[PDB]
Every structure is written in C-alpha cells, then in structure tokens.
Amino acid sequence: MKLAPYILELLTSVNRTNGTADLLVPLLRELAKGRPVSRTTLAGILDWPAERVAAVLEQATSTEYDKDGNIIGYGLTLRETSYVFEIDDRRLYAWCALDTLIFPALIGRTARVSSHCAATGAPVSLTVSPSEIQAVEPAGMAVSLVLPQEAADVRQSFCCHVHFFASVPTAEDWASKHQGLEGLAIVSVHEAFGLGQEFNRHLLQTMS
C-alpha cells in the first residue's frame, strides 16, 4: 500500500520543534539502559543548556516522568505496556507495535519483542535488529496502522490503535469492526518494518 501519508504525518507529529530529533536519539539510547533519565544527563550529552532540553520536552505532551521528575517514557518506556521490548538483560516497554520496529535502528541494538494478538490474545514475538527482523512467531504476524493527527497527543490518536495480530486475515476481521478511524489499514509485519525504515531515514536526515 501507499505509505507516504503515514510517514509524513508521523514526522509532523514527532518533530514539533527544532532539536527534537537531536534530542530523541540520545534519549532513546539512555532509556535503553533501563534507568530513569535526568535532564542534566541529556544536557551534557547534547551540549545544551538544561532549559532547552526542558523546552523540547514541554512540547512532548505524552512524556512520562517518575516521582523524582526524571524521564521514564518517550516512545520507549520503563512503565509496563502491552509491548515488551528487551535489550540484553534489560526489560523495557514500548508505546505501540510500530515503535518496536523503529527503535532498534535508532538505538543501534537488537531487541527481543513480545506481545499478544489484540484480537485473540495469542502470544506473538520477534527479534528486531537495526537492519532486519527474524524469528517472527507466528510467521504471518500483522500490524494495524492509522493516520496520526498533527495537533493531538500521539498516544491517544495513534499508539492506542497500532497493535500486533496473529495474522493478516485475523487482523482484517478485527478491522471490519473498527470504522471511523482515519486511514485504518492492516499490513504484514514485514511491510510495517519497511515503513519504519523509511520513517527513520527521513528522521535521521533532519539531525545536526
């Protein structure tokens, strides 16, 4: 299917102010270590004033913080979700299925991803590296997509609709009961991974 509209809107929703991509990659790499991230740690990595870190994050409405005010979630998160995302000996989580496909390339590490089919509850898993997917179980695994909204919180408008399914026919049956969602579409996990690759290429091309 044609994926340009999805790539365009996700980039628009993710890149709200200059420096967002510059901040996002280092942040994901820090979160993948499995501990909360302080704004001063980010400031030092980037060579920015901590105020500026704060300004970028403030536009990032969905950002999750802990009781200490440290960052614990921005796409990749320490707070439990339906999408388990493990890097070596650290268990992390992700906000949605497409996230699990995108982050390995940005972090530079291979992740073991696991979840359950949104329609049937069957366990699903795969291994996602920066360049390819492997051990897709079951082999016909699928993903749902919707068109992201520009002036909405990304979790409410996109992430909550983007799931894994046991198969394409199972996903399509599920989708038949989900009208009024702009751009709702079912793709194989392979097609979704390719969408992630194209998104990443465009995102990285906007960094320093």
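Whichever C-alpha set is largest while still superposing within 1.5 Å between the two forms counts as the rigid core. In this text, residue numbers run from 1 along the sequence as written.
In 5 other deposited structures of this protein, superposed by the rigid core, the C-alpha atoms of 10 to 18 lie farther from the shown form than the other of 194 to 202 and 10 to 18. Two stretches, 142 to 150 and 50 to 58, are weighed by how far their CA atoms sit from the shown form in 5 other deposited structures of this protein after rigid core superposition; the farther one is 50 to 58. Of the two stretches examined, 47 to 55 and 152 to 160, the record assigns the greater average C-alpha temperature factor to 47 to 55. Per the PDB record, of the two stretches 127 to 135 and 112 to 120, 127 to 135 carries the greater mean B-factor over its C-alpha atoms. Residue set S144, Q179, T40, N70: peak C-alpha B-factor at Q179 (per PDB entry).
Highest C-alpha temperature factor among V187, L195, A21, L184, as the PDB entry reports it: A21. Remark: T61 belongs to the highest third of its chain, ranked by C-alpha B-factor as recorded.
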